[PDB]
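Laboratory data are not the source of any read-out in this text; all were calculated from the coordinates shown. So basically every Cβ, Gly included, is an ideal-geometry build from the backbone, and we count neighbours across all protein chains shown.
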Ligand SMILES: [Zn+2]
Ligand SMILES: [Zn+2]
């Protein structure tokens, strides 16, 4: 079939594995069969390694995401990222990925193609965040999240000059989750920058978009200082 149903089938298989309905060998066999049915041999060879016991579920998910990036499958990328951030116990990152998927789905049904690139770059940043979390590199996670907040700031700046309103609400929700994550990581300046960007977005959405700009410059300057 189409690449839309492949992502749904793979997501259902991984969800069954995570909920405990099936085991590792059953998951490997089912996902390999799904990949072979759609003609994707490169993903099938990766799943063969999990079937052979060489690698684990998380490493296989990472390799599958890297291969899907090269192949250009987007819904598969979102499914794989959600599965990765569910294997590592982080509900907040899963919520961020869910909101990002909603924005991508809204963007693909219209002519907006500039936001697709932004969502791709932020997917790259989130993948790097997951890789740093897997290595327990807590210093790199903060820098990657700062880059993610800068990308969200770029998106909100682009959206304000347009008529989009639900984009502002989704970005505000994402920024609030990011600020909560920063607070739980024992940081306050980056959390303050995230909340400043969120406040600017909310002020622009409310109707007062003149006070939003000074907040935007203040927040971006602070983020650039804290990235170094
Ligand atoms: Zn095989
Ligand atoms: Zn404070």
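Table for the structure above
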item	result
FRET efficiency, residue 209 to residue 140 (Cβ-Cβ, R0 41 Å, nearest 0.05)	0.75
0 to 90° range, to nearest 10: angle between helix 74-87 axis and the chain longest Cα axis	90 degrees
The chain: angle of helix 114-134 to the longest principal axis, Cα-based, in degrees nearest 10	70 degrees
Ordering of 217-224, 171-178 by burial proxy (mean other Cβ atoms within 10 Å per residue, highest first)	171-178, 217-224
Highest-fluctuation residue, 15, 211, 66 considered, GNM on the chain with Cα pairs under 10 Å	211
Cα-based shape type of region 88-136, given that a ≥ b ≥ c are square roots of the gyration tensor eigenvalues and the cut on a/c is 1.5	oblate
Prolate/oblate/rounded label for region 90-227 (Cα gyration tensor, a/c 1.5)	oblate
Highest to lowest packing among 191-197, 35-41, scored as the average C-beta count within 10 Å	191-197, 35-41
19 Å reach of a label modelled at residue 117, 7 Å along Cα-to-Cβ, counting backbone N of region 147-166	148-162
Euclidean distance of C-alpha centroids, region 96-121 and region 135-167, integer Å	13 Å
Förster-model FRET efficiency, 35 Å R0, residue 33 and residue 99, C-beta, rounded to 0.05	0.65
Whether region 185-226 is rounded, prolate or oblate, judged on the alpha carbon gyration tensor where a/c under 1.5 counts as rounded	oblate
Calculated [θ] (222 nm, deg cm²/dmol) that DSSP helices of n ≥ 4 give over the chain, each run adding -39,500 (n - 2.57)	-27500 deg cm²/dmol
Those residues of region 115-148 whose amide nitrogen sits under 17 Å from the label point placed on residue 66, 7 Å along Cα→Cβ	124-136
Fully extended contour minus Cα-Cα distance, from residue 54 to residue 221, at 0.36 nm per residue	55.4 nm
Protection proxy ranking, peptides 73-85, 93-105, average beta carbon neighbours within 10 Å, highest first	73-85, 93-105
Projected label distance in nm at residue 154 and residue 21, using a 7 Å step from Cα toward the beta-carbon	4.0 nm
